[PDB]
Structures are given as C-alpha cells and as structure tokens.
Amino acid sequence: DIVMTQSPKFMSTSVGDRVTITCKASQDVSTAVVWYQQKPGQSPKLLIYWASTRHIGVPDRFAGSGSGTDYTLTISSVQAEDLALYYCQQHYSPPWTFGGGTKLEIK
Amino acid sequence: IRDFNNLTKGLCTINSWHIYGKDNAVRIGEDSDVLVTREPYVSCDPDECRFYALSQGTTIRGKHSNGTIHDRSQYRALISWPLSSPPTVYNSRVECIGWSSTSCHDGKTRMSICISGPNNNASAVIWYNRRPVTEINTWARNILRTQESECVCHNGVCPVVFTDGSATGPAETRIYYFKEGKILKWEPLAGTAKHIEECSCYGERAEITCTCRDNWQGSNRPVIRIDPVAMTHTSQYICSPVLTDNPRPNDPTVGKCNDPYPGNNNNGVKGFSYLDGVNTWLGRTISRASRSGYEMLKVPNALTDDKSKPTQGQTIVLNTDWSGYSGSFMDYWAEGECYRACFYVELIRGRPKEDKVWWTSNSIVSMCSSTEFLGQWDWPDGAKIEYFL
Amino acid sequence: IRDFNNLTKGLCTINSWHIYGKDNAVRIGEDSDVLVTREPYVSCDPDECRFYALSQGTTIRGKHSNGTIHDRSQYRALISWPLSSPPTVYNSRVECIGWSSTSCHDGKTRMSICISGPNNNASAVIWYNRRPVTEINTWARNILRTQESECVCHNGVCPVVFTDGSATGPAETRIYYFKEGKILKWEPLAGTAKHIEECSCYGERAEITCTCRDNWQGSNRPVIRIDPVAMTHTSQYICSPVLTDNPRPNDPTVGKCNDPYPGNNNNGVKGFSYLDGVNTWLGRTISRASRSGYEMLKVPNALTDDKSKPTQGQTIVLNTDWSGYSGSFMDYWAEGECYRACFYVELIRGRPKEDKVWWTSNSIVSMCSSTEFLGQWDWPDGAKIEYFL
Amino acid sequence: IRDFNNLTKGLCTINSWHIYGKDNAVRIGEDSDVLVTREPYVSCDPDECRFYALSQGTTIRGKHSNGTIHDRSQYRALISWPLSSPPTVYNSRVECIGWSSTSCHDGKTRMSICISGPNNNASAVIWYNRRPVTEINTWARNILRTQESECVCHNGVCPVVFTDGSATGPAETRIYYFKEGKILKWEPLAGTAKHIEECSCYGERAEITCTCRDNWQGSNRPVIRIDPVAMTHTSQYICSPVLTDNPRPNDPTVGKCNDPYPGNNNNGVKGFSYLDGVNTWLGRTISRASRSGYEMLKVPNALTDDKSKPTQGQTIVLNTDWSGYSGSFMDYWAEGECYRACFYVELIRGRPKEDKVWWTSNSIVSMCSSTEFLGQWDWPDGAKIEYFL
Ligand SMILES: *[C@@H]1O[C@H](CO)[C@@H](O[C@@H]2O[C@H](CO)[C@@H](O[C@@H]3O[C@H](CO)[C@@H](O)[C@H](O[C@H]4O[C@H](CO)[C@@H](O)[C@H](O)[C@@H]4O[C@H]4O[C@H](CO)[C@@H](O)[C@H](O)[C@@H]4O[C@H]4O[C@H](CO)[C@@H](O)[C@H](O)[C@@H]4O)[C@@H]3O)[C@H](O)[C@H]2NC(C)=O)[C@H](O)[C@H]1NC(C)=O
Ligand SMILES: *[C@@H]1O[C@H](CO)[C@@H](O[C@@H]2O[C@H](CO)[C@@H](O[C@@H]3O[C@H](CO)[C@@H](O)[C@H](O[C@H]4O[C@H](CO)[C@@H](O)[C@H](O)[C@@H]4O[C@H]4O[C@H](CO)[C@@H](O)[C@H](O)[C@@H]4O[C@H]4O[C@H](CO)[C@@H](O)[C@H](O)[C@@H]4O)[C@@H]3O)[C@H](O)[C@H]2NC(C)=O)[C@H](O)[C@H]1NC(C)=O
Ligand SMILES: *[C@@H]1O[C@H](CO)[C@@H](O[C@@H]2O[C@H](CO)[C@@H](O[C@@H]3O[C@H](CO)[C@@H](O)[C@H](O[C@H]4O[C@H](CO)[C@@H](O)[C@H](O)[C@@H]4O[C@H]4O[C@H](CO)[C@@H](O)[C@H](O)[C@@H]4O[C@H]4O[C@H](CO)[C@@H](O)[C@H](O)[C@@H]4O)[C@@H]3O)[C@H](O)[C@H]2NC(C)=O)[C@H](O)[C@H]1NC(C)=O
Ligand SMILES: *[C@@H]1O[C@H](CO)[C@@H](O)[C@H](O)[C@H]1NC(C)=O
Ligand SMILES: *[C@@H]1O[C@H](CO)[C@@H](O)[C@H](O)[C@H]1NC(C)=O
Ligand SMILES: *[C@@H]1O[C@H](CO)[C@@H](O)[C@H](O)[C@H]1NC(C)=O
Ligand SMILES: *[C@@H]1O[C@H](CO)[C@@H](O)[C@H](O)[C@H]1NC(C)=O
Ligand SMILES: *[C@@H]1O[C@H](CO)[C@@H](O)[C@H](O)[C@H]1NC(C)=O
Ligand SMILES: *[C@@H]1O[C@H](CO)[C@@H](O)[C@H](O)[C@H]1NC(C)=O
Ligand SMILES: [Ca+2]
Ligand SMILES: [Ca+2]
Ligand SMILES: [Ca+2]
C-alpha cells in the first residue's frame, strides 16, 4: 500500500501570504496525487488531481506541484476562509491512501 | 490489388456506430495461450482486415508476463492475427521487431515500420513486402517513436510521423513520405502544435488527416493534415472545448485553436477524431482523470469553431469499465460510394490499477460508421482479475 | 462459383439417413482449448461445408465458462471451424459479433448477419463478403432475433426471417429479402401462424421453405414458404398430429392446420422438417417433456393431411442421451440430379439439467439423406460430466 | 520463381546490422507448447524466409525433454516454422528425419538433406520438392555430418559439404554438387585445411563461400570457396589474428593463413564470416572460453592479410548472456542492386551450464546488413531458468 505522509500537522500564516504543504509517499506515484480541503463541519472537496489540475471552480490561487514521491499544495493570498485541514491522496494504485491532514491556522 | 490506392471518396455520413470486431483476448487468456499485447491497432489489406498490437513475448498465464507494464524490452514484435481471434502463440504472424510501430498497405503490398534499440541508440527499420528495405537512425537519441496505428497511403505514398526527443520538452517530430519502402522525402513539424506524439490517421479526398497527443502541455489535440501529393503539411489544434486527451481539465466554453489548451501537464493518451465539418466525431475517455469508458460525440465543426459542443453521443464503454488507447482505421478497399469510418479501443488490464496480478495486457473492441441511427451497447473487456489468482 | 446460385433440383428420395459429421467438441474440451458454443448450424460454400455456432468467449475448462447459460452477452460471435473439428480457440474464424445469427452463401460469396445490443436497443448488421454493408435497428425493441441456421439464396436473393417483440405475445416477425447485402424488400408475417420464431430453411425447385417455432401458443410448427423471385410468402402450420416442437402434449389423431395445436404454453425449441409430399420427414425430440433424443420420422404428406402418421423411423440419438436445437442445411453446390437433404442436432450439456458443472455448451451431430435403407446408430455427445469436477 | 537462381549481385556495404527476426521461443515455452530444438538456421524461399532447427521430439515443458543435450537420437527432424514464431507443436512443418541437416532452395523448389542412423551406419537422404530422390551411405562410418545452415545454389547447382570420420583426427570431408536432387559430382577436400567441420555459406558474384570449424587443431577458421560452375573448390584459413572459433587462445598479432592457428584442441563451435575485402565482417563469441556473447567486427581484408585487426564493432549479445552456434543466410530473392547479408545466433539454454533444469534448448536472434550506421542493442534469449522449477 502506498503511504501518504504529511508533516507538519499544523501550519500557520497570515492573511494575504503563501503557505505550502508537504505530502510525500512511499514510492514513485507518478504525479497522481489528489488534494482535498475539508473545512470544519463540511464534506471534503476536490481541489486538485494529478498534483496540478485544479478542479471546477477552485481558484487560480491554489497551485499544484510535485513529482516522484514528493508533493506540495501551495495556497497564495491566504484568505480568512482558508482555515481547514488539507489532505493528500495517492491515486496511482489501489488502495488509495490518504495523508493524515494538515491544519492551516491563520496567524 | 495490382495497382496502388488513391483516396477518391470522402467519409460516409456518421450517424451512429455499429460493432465491427472485438477479440475477447483477456477472457480467452485465462485458459488458451494468448500473448500479452499492448498498443493495438487494426489495419486492412485489399483482402482482409486484421488486428495488430505490440507483443511482450510471453503468454498472459506464463511466468514471464510478470512486469509487461514495461513499454520497452528487446522481446516485443508487431504481430497480426485474424479479426476477432486472440493474438495467440499459434495464430499470430510476426511482422518486425521492436517497441513502436505503424503499418499500412499501399494498394500493392504492405509496409511495416518497427523501431528498436536502447532509448539513445534506437533505430527504425521500414519493412515493405515482408523484406527490410530502409533503416533510420535516431536524430535526437531520445526514444524514437512512430504512430501505434495504421499509416495511410495515396498513389504509392504513405506518410508516417515519427518523434524523437522528449515528451516533456520540445521534441523533434519529423513527417516522412515513403514510397515502395524508400525515403522519398521528409519534413520537420510545421504548423502550430507544440509537441506531437503518437498520431492516428485517416484518408478522404486525397488528404491524409491525423489526430495526435500533446504529451507536453496540452489537453487538446494537435491535428496534422498531409497532402500526400505535394508532400507537404500543417499542424494546428482542435478548436472545440470538448477536450479529448486524458487526464483532462473540465471542458471550457471556449477552447483554443492554435495553442495547447492548458490544465494538465506531461501526460496523455493516444486518441483519434474524424474531422469532417458538420459530420465530425470526437472520441474521448469518460473519465477526466483516468482511462475509463469511451464516448463518441458528434461536435459539428469541432476543428474550426472555438465554441463547439456535442449535438449527439454514443458510449462505447462504460466509465465503470476500463479503456485505453484509441486510433482509427478504415477499410480503404471496400465497395461503395464512401468510406465507412472506424476506430478501435484498447481495453487495458492488469497493473497499475488492478494491481493484484503482476501483468498488464488488453483487448480490442472496434466500431465502424452506420448511417442508420442504431441503438447502443457498451463493450467491456470482460475478465475477472480474480480468476487469475 | 463466379455466378449466383439457382435452386434447380428437388430433393432426393429420403429413405434413411447416413452420418455426415460429428465434432466431439465436449469430449475434446476436457483437454484441448475448445470454446463454449451454443446454437450451432452448418452451412456450405461452393468449396467447403463448415459448422457454425454462437461462441461465449471462454473455453469449456477456463473459469469464465461459469454461467454460459446466459443466452446474451456482449462476448458472443458467430464462428466457423472446419467440419468435425472442434470450435477451438485456434482454428475458429470469427464471422461477426452479437447473439443471434444466420448466414448463407449466394453463389458468389457469403452473407452473415449478426444481431447485437441490449434487448431494447439491439441491432442487426448484415455482413457480406466479410465486410459490413447494411445495418437494421429494432422495430419493436424486444430482443430482435433471426434464424440460428443457414439462410437460403436464389438468383442473388436470400430471404432471412427476423422477429422482434415477445415470445409470449404477438411479436412482430418480418421477412427480409437481401441481394448482395442490401435491403431489396421486406414483408410483415403474412399467413396463419400466430407467432414465428427462429426458423430453419431449405430450397428446392425455386422455393425456399422454412419450419419454425411457435413459442407463443403452439406445439405444432408454423411453416413459411417463400418465393425468392416474387419476393413474397405464406405461413401455415404442419397439419400432422405427430407434434415436433417440445415440450409437447400427447399426439392427437387429428392435428390442426391453420391454428396452433394447443397443450403447451410459452416454450419451444428450434427444429426442422423436410416437407415434400410422400417424401416428407419430420424431426422431433423423443421426450415429450425435455430435450432428450432425436427421431426422424417419415409421415407422408404431413404439411397437408390433418390425419397423418409415421410410416418409418430413424433414431438419431437415444432418449437416454440429450438433444437440443436442430436445423437444416444442404450442400447446394454438390454434383448430381437432386439435393441431398441434411440436418444437424445440437447436443446440450451442462446446466440446467446436469447442474454439477457451472457451464452449458454442446456438440454437433449431423446426418444427410441416403436413398439406400441403411442401418441406424444412435449418436451421443459422449462426455462424462464427472471428469470436469 | 519458375527458373533457377543465379548469384548475380555482390554483397551490399555492411556498415552496421539491424534486427531481422528473433523468436522468443524459450520465453514462450514456459507456457505454450514449444519443441525443444537445437541447431537453428534460417533459409529463404523466393516467397518467404523461415527459421529451421533440429527438433528433439518433445516440448520444453514435457517430461521427455529431460536429456535433450544428446545430439543424436532417432527422434529429431529438420522442422521449419514462420519467421519469429516459436517452433511449436502446431505450426512447425517437418522437412525430413535425422540429426544433421542442410537445406536450400534452387530457384525452382527446395532441397533438404537429412542424415540419420547409428554413428557407423548413418545415411543421408537428399529430399527435393518434398519427395526423397537420393540417398548417400557413409564413406568412413563415423558420424556422417553436413552443414547445419542454408546451403547455396547457382544455376540449378547447390554445393553441400559433408564430413565423416573423426573430429579429433583426420576425417574425410567431401563436397557434393547436387542439381535437382541427383549427384552431379563430388570432390574430396582440396586445399590447406586440416579438418573441416560444419560450414555456413553464402553466395556473391557466382561464387559460393563457406566459413567452417576446425574442430581438430584450429582456433582459426578453414574457409572453402566453391565455383558452382566449374564444380571445383579450395580450402584455406582466415589470415586475421582476430580468432573467431571458441574456445580460443588470446589473439596473436600475426595469425596464420595456411595452417591451424594453435592453442586450443578438439573443440569448436559453428560460426560464419563475410569475406569481401575492405568490407569484411567476422562474427565470434565475446568469451574466449565459452559460448557467451556475440560480436561482429569489421576486420578489413581478414581472409588475406595475416596482420589484420578490427576497424569497427557491434555487439549482438552481451558476454553476460549466452550465445551458441551461428551461421549465415541471405534473402537471395530480394529486390535491389546487392545482397543484404545476414546471420543468426543460437541462444543456448539449459544444461550443461544452467544445469538446474534437465533440458537444453535455444532461441534464434537474427540480424541483416544496414548500410546506414545504426545504433546497437544487445539481444538476450531472455528466460529465467528459475521459472521452470
Ligand atoms: C437507445 O440507443 C440510442 C442510440 O445509441 C440512445 O440515444 C443516444 O443516447 C445518448 C445518451 O442519452 C445520447 O448522448 C447525449 O447526447 C447529447 C445531445 O443532446 C450530448 O450532449 C451528451 O453528451 C454529454 O453527456 C455525457 C454523459 O451522459 C458526458 O459524459 C459527455 O461528456 C457529454 O457531457 C459533457 O459535455 C459538455 C462539455 O463537457 C457539457 O455540456 C456537459 O456538461 C458534460 O460535461 C462533463 O463531462 C465531460 C466528460 O464526461 C467532462 O470533460 C466535463 O468537464 C464535465 O465533467 C450525450 O452524448 C445520444 O445523443 C443519443 N443518440 C441518439 C441518436 O439518440 C437512446 O437514448 C437509447 N434508448 C433506449 C431506450 O435505450
Ligand atoms: C437395423 O436398422 C434399421 C434401419 O435403421 C432398423 O429399422 C428401423 O427401425 C425403427 C425402429 O423399429 C423403425 O421405426 C418405427 O417405424 C414405425 C412404422 O411401421 C413408426 O411408426 C415408429 O414410430 C414410433 O415409434 C417411436 C418409439 O419406438 C416413437 O418414439 C415415435 O414417436 C413413434 O411413436 C409415436 O407415434 C404416433 C404418434 O405419436 C403413435 O402411433 C405412437 O403410439 C407413438 O406415440 C408416443 O410417442 C411420441 C414420441 O415418442 C409422443 O409424442 C406420443 O404422445 C406418445 O407418447 C418408428 O419410427 C423404422 O421404421 C425402421 N426403418 C426401416 C427402414 O427398417 C432395424 O429395425 C434395425 N435392425 C436391426 C437388426 O438392428
Ligand atoms: C551507439 O551505437 C553505436 C553503433 O552501434 C556505438 O558504436 C559502436 O560501439 C562499439 C563499442 O564502442 C564500437 O566497437 C569497437 O570498435 C573498435 C574500433 O576503433 C574495435 O577495435 C573494438 O573491438 C574490440 O572491443 C571489444 C570489447 O569492447 C572486444 O571484446 C573485441 O574482441 C575487440 O577487442 C579485441 O580485439 C583485438 C584482438 O583481440 C585487440 O586489439 C583487443 O585488445 C581485444 O582483445 C581481447 O578481446 C578478444 C575477445 O573479447 C580476445 O579474443 C583477446 O584475447 C583479448 O582478450 C570494438 O568493436 C564500434 O566500432 C562502434 N561502431 C560505430 C559505427 O560507432 C556507439 O558507441 C553507441 N553510442 C551510444 C551513445 O550508445
Ligand atoms: C492513382 O491516381 C493517380 C493520380 O493521382 C493516377 O495516375 C494513378 O494511376 C492512380 N492509380 C490507381 C490504381 O487508381
Ligand atoms: C514477479 O512476480 C512476483 C510474484 O508473482 C513478484 O514478487 C516479483 O517481484 C515480480 N517481478 C520480478 C522481476 O520477479
Ligand atoms: C439463375 O437463374 C436466372 C433465372 O432465374 C438466370 O437469369 C441466371 O443467370 C441464373 N444464374 C445462374 C448462375 O444459373
Ligand atoms: C461461478 O462458479 C462458482 C463455483 O465454481 C459459483 O460458486 C459462482 O456463484 C458462479 N457464478 C459467478 C458469477 O461467479
Ligand atoms: C542462370 O545463368 C545461366 C548462365 O550462368 C543461364 O543460362 C540461365 O538461364 C540463368 N537462369 C536464370 C533464371 O537467370
Ligand atoms: C530425468 O530427470 C530427472 C529429474 O527430473 C532425473 O533425476 C533423471 O536422472 C533424468 N534422466 C532420465 C533418463 O530419467
Ligand atoms: Ca495531453
Ligand atoms: Ca412451441
Ligand atoms: Ca576450433
């Protein structure tokens, strides 16, 4: 099984900044990384698949990046509404393994 | 036929798609000796049509099928077998050795081109009438590659597109014009596409048209039109927002004609399209993200209008089954007023997605144009990955 | 033969039946790679006769044969293989895809018709000279179906009967006349039969005759005579009390000519008959209740006299062995003064009756008319359901 | 072709070697029914080229393959199968029985010669147009032997060399000239070679040339040039210090033309060479000591200059894979100005070196002359001796 590893487990930036969030995995998953965002008391939603393709209606300000084992979601212009847990998820082989989430606190 | 072919008809009115041929190769391969193939195509002779594909020198059930996911090995040939029979160890004919091919018949006999070697000392040999006649070394020493489907001839001239260089960069694609096996001429990629990979082609009214892969930065499709007589050509993109490559972004309301519609990076899948105005049909996977399902959609004037949408569909295979490569072919020698347009769909099985088995192979499924509006079925490879365990 | 055929002879005197060909497909399928078939037929070319049947895309012994009892799947083709060889993965040629067929040769080349799809969006494609040439959508969206045996041609014209609608109701049967693949004409069922299902046919003296299935309310048999030239036809029933469908009631002393002889409901089995006056022969199962045994009985004037009885028999297969479908065929191209009349018998095996194995497949057995009165043997499929466990 | 062949062209410029055909016979034989062969050759017809080899009457995986290391048995035939298919039980054609062969086509049809029997009552039968026409008894009752590769014809005349006597002694080699199957003439070995064993041949400009085995006392190679018209011949050695037999001593700076270059005793391996002046190429194993790897080296003027060295190479197969026999063949009937020169390499597997399996069989690998300087790949048999355990 592939193992999506996330660290840190909490992250904070102020309003208007950039933040970057590290998701890595066991072996080369060939960019097939998905990003979700789950805001407190809400379903997750699909941000990004193939580590870079923004899903319908997620804004330009969420950028996808990665390769091999190593992936990073970057948010820019950190709005007040961006506090949530971000989750990565492998989609190269079954079973689809998710990272453990990362809290984004806005400083 | 003792005289070379001319493309003298145009396409017939494509109003639905009937079934032409489906080998059940993987269902039959849990118990006959079928070879592990990948990259299929189907190409006709004046006297028969036959499926083709790259072999991996091992049967589905034998021990050496473990790892057939590797694209390139010195154990792969271009093999043919009769329509809807399996590529089996005993009915399969070998055409030429190596890991990327393209073959087509010139009216008189057939040409077949095989590419071989290491990634930086790879080499093409153009066979014609089952004898080797020309060889081509790499011009850029990075995995020299050609069509993976039927090439098309007019008056003794068959254009082949090749690409050598990277599927991430700028790569150096180069169109050749063979006649009877020899290099008549060749040309560097002219026109607007960024990168050209792996085309599938067709012919109507003395024009050879090709739909291809922008594996570099495109989710839309570079298309190459070749004049077999002038031995000349352009490239451009399909204007329609209905994107056919895969992985894909969502479909825009307004796609782009002359540059890669962006969203996905360094990834593609081989695919086709019939571009004939009001009578245009675009095939694409149902999945945005992976090779699942196959849909055929009428999108009138897709190549030109940058705001075109489907006016009709047809599901070749459900999103809950698997798809893969797709390319076109036509029975050029087939009595009538026009050309019955056809395509195949590679059904891929095994790894990386169904990883419980250590192999990867596939099935052909194949349809041709019916002018009547026929009802639709959807066409699964059909095997249960659990009986091979 | 470079010129279309004409039916210019009449039947030869049928005085006994010799063996023509029996594949031992199921006996050979416990150890070679035979495909699971069902619905066989046998049809000749000017140059060879070959068995046909619908495949189920899997071998007897492979794991996907489990459940081949399902009539319809997108994994069945019409396949041919040489006389008395098994339909094996490696010698079997595919003719066209789908679950109900009918094929015949017009003197020049052969036509083959395959029906496909879901029950309410099924579609027929008429192949001719191994190229598709016509397609037909459903006219009533309920399991569009055609002969399951050899169709017959005269002067370029080959009648096919089709049925779409239910085998419980009124259904809409429709006779087509193709020539070279195109729809020449077609006709709705004219004459006295209630429902027409699944015919088998033959030709003598410029007349194509057909014996069929009244799956609705008949234990006697609707018979269709077609004039290939006038492109016209009638339906009626076999008058004789000797009932040939199965399941069956006991035989009356006086059957009925113009309506379904009643007793059994919504059930049948495909079967044939040679209707030629004093020289008439009716095949039927020995079992009243199920597909066991096959008997051929001389019943002189069976089609007309409503009080006709056997004057002679011949057991093709014992009641303590299994039978199944049956249809007719003739070597139209075969030197002589008259037509040697022939038939096949599907030997069905597996489920639902021999349910210890999870599959259902069969054997052909086949006989042709001998004018001498030859001794008789009875001809078992032959396999032991216990060696597959 | 209805008229006998003439050798009217010379060799083409050999600047690199492309791939012509490789069956993956041993990789496919862990799961299809492939026969255990050894001693392959490849010879063309006007209409097709096909691989040949001696069979051992058993499949790789069946129990009787245990001990196929024994050269001679009354269970071996000369069999052919299409290019790059495996010699499989079902596609393999038998040519004639016995344990040493040589076959070639005379323009009109083909001859095939098989030798058979015990070592001291062995016998050759020359088949021609698949009928036996001449027989030859032993002239020295010690394992009468002929080429193990394509023999070559000119104007109806095909020289064959045979040897009977020991591969340790003086043995009695004898050149025959057949025409249409009959003994036209024959000659005792004339010229400077000590012992002649097992030649491989070729033809250019009305000359049939042969490179052979000095199994007696030579690590260099006796070469026989035959004038098919005069029906006459000489023997000599390859002058070049690059030694091609194997096992081998190190290469001298100055080899010897007219006597066996010494170092190794009673051992050899079948091998070839194209001797054409500046355009000469010598194939040899990479291993000094055993059958590993295969290299092709340009050694200009090798037959004559006693101080010649490589000016260019090409590795056919790495030293860390296995090689074996090698002989030459050419598509004599192949359109062009010159002769595309070709060779095969027997990939041997099993015992005695990979002794974990009880059998010994092999693969063909085969290349032909490219005038362009193509990149190189190396071509492994490919099977894992561990999946047969
Ligand atoms: C008997 O058989 C007949 C004949 O076979 C049946 O008729 C055919 O049935 C088809 C299904 O109804 C029908 O197809 C549809 O035709 C319309 C034209 O009015 C066409 O627009 C439809 O195309 C969309 O639909 C499929 C899903 O059902 C999509 O997967 C496909 O992409 C098309 O949708 C996308 O296209 C546009 C741009 O993407 C958007 O407008 C649309 O929102 C959608 O976007 C999403 O999907 C994309 C990929 O899935 C993705 O990239 C994007 O980001 C979005 O996620 C469809 O073709 C045939 O027209 C009809 N033909 C005929 C002659 O009748 C009949 O119903 C059967 N009857 C019975 C009793 O069985
Ligand atoms: C050597 O070989 C030769 C040549 O092969 C042998 O000669 C042949 O042998 C046959 C057996 O004797 C013989 O057949 C019989 O011919 C008579 C004419 O005189 C014919 O009526 C017979 O037909 C009935 O018999 C079988 C059972 O044996 C039935 O299963 C069949 O249905 C026929 O019976 C039914 O028909 C009528 C209406 O149904 C009724 O009259 C009758 O009661 C019966 O009813 C029941 O059966 C039905 C189905 O089984 C059912 O639907 C109904 O409800 C009832 O339940 C039979 O054909 C051949 O004529 C004869 N031919 C020649 C040239 O000789 C020879 O004997 C062999 N000799 C040696 C030494 O081996
Ligand atoms: C892309 O592909 C191209 C085209 O394929 C590549 O180019 C080819 O690459 C070859 C490898 O570099 C090259 O071959 C060499 O050419 C020289 C001429 O300048 C030739 O002398 C070389 O031959 C010796 O080398 C091999 C080992 O590498 C030996 O195993 C062989 O025997 C030759 O060595 C022996 O020969 C003499 C007498 O024996 C001695 O001078 C020498 O010391 C040596 O002796 C030992 O070896 C014997 C057996 O191994 C043994 O009996 C003796 O006792 C000693 O132990 C070699 O052929 C091709 O010329 C070149 N061709 C072209 C057109 O370029 C290119 O590099 C590739 N590029 C990329 C990016 O992949
Ligand atoms: C093909 O067309 C050319 C003109 O484009 C003509 O000269 C040639 O003979 C034609 N060949 C055939 C078989 O139609
Ligand atoms: C082959 O498959 C086996 C299991 O069947 C697997 O463990 C092994 O790593 C695979 N690959 C190779 C090169 O053996
Ligand atoms: C078939 O019979 C018709 C008359 O029904 C005739 O015109 C035609 O040429 C005949 N063809 C052959 C081959 O007998
Ligand atoms: C297949 O056969 C097995 C036993 O061999 C049976 O238990 C199963 O229900 C059958 N059907 C399917 C769909 O697996
Ligand atoms: C072969 O050449 C000879 C002269 O060596 C000539 O007489 C003969 O007819 C030729 N045959 C062919 C088919 O070239
Ligand atoms: C055959 O192989 C077996 C093991 O598979 C070996 O023990 C035996 O000695 C071999 N030779 C013969 C003649 O049986
Ligand atoms: Ca792309
Ligand atoms: Ca009935
Ligand atoms: Ca030696």
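Just so we're on the same page: letters track the sequence lines, and every chain starts at 1.
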Asks: Is there a donor-acceptor pair under 3.5 Å between the side chain of C:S290 and the backbone N or O of C:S292?
Replies: no

Asks: Counting only heavy atoms not in B:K384, do more than 12 sit closer than 6.0 Å to its NZ atom?
Replies: no

Asks: Which side-chain hydrogen bond (donor to acceptor under 3.5 Å, both in side chains) pairs, counting each pair once, include a residue from residues 77-91 of chain C, with sequence neighbours left out?
Replies: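 Every pair satisfying side-chain hydrogen bond (donor to acceptor under 3.5 Å, both in side chains) with a residue in residues 77-91 of chain C: B:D33-C:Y90, C:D33-C:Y90, C:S80-C:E95, C:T88-C:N91.
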
Asks: Can you list, pair by pair, the side-chain donor-acceptor contacts under 3.5 Å of residues 258-265 of chain C, counting residues two or more places apart and other chains?
Replies:
{"from": "C:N258", "atom 1": "OD1", "to": "C:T192", "atom 2": "OG1", "distance (Å)": "3.2"}
{"from": "C:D259", "atom 1": "OD1", "to": "C:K194", "atom 2": "NZ", "distance (Å)": "3.3"}

Asks: My understanding is that only residues two or more places apart in sequence, or in another chain, count here; which of them pass side chain to side chain donor-acceptor pair (under 3.5 Å) with C:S65?
Replies: none

Asks: According to disulfide (SG to SG under 2.5 Å), does anything in residues 18-83 of chain C pair up with another residue at least two apart or in another chain? List the pairs.
Replies: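 For residues 18-83 of chain C, and leaving out neighbouring residues, the disulfide (SG to SG under 2.5 Å) pairs sorted by first residue read C:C44-C:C49.
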
Asks: With a 3.5 Å distance limit and no angle check, can you tell me whether C:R38 reaches the backbone of C:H70 through a side-chain donor-acceptor pair?
Replies: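 Checked: no pair found.
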
Asks: Using modelled atom types and a 3.5 Å cut-off, is there a donor and acceptor pairing between side-chain atoms of C:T59 and backbone atoms of B:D31?
Replies: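 No: the side chain of C:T59 does not pair with the backbone of B:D31.
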
Asks: Quick one: ring-ring contact (aromatic ring centres under 6.0 Å, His included) partners of C:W379, sequence neighbours excluded?
Replies: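 With neighbours one apart ignored, the set is C:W377.
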
Asks: Partners of C:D45 by side chain to side chain donor-acceptor pair (under 3.5 Å), sequence neighbours excluded?
Replies: C:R110

Asks: Restricting to ring-ring contact (aromatic ring centres under 6.0 Å, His included), what partner residues turn up for C:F329, sequence neighbours left out?
Replies: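 Scan of C:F329 (ring-ring contact (aromatic ring centres under 6.0 Å, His included), adjacent residues dropped) gives C:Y20.
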
Asks: Taking only residues two or more places apart in sequence or in another chain, which ones pass salt bridge (charged side-chain N to carboxylate O under 4.0 Å, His left out) with C:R288?
Replies: none

Asks: Taking B:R61 for the side chain and B:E30 for the main chain, is one N or O donor matched with an acceptor at less than 3.5 Å?
Replies: yes

Asks: How about C:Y41 and C:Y344: are their ring centres within less than 6.0 Å of each other?
Replies: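 No; C:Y344 has its ring centre 6.0 Å or more from that of C:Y41.
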
Asks: What pairs meet the disulfide (SG to SG under 2.5 Å) rule with one or both residues in residues 304-346 of chain C, with sequence neighbours excluded?
Replies: C:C12-C:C338, C:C342-C:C368

Asks: Tell me, please, which residues at least two apart from C:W322 pass ring-ring contact (aromatic ring centres under 6.0 Å, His included).
Replies: none

Asks: If the condition is side chain to side chain donor-acceptor pair (under 3.5 Å), which residues does C:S326 pass it with, not counting sequence neighbours?
Replies: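 With neighbours one apart ignored, the set is C:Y294.
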
Asks: Can you classify the ring geometry of C:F343 versus C:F272 as parallel (below 30°), tilted (30 to 60°) or perpendicular (above 60°)?
Replies: parallel

Asks: Side chain to side chain donor-acceptor pair (under 3.5 Å) with C:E148: which residues, sequence neighbours excluded?
Replies: C:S100

Asks: Do the non-hydrogen side-chain atoms of C:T102 and C:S149 ever get within less than 4.5 Å of each other?
Replies: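 Not touching, per the 4.5 Å side-chain cut-off.
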
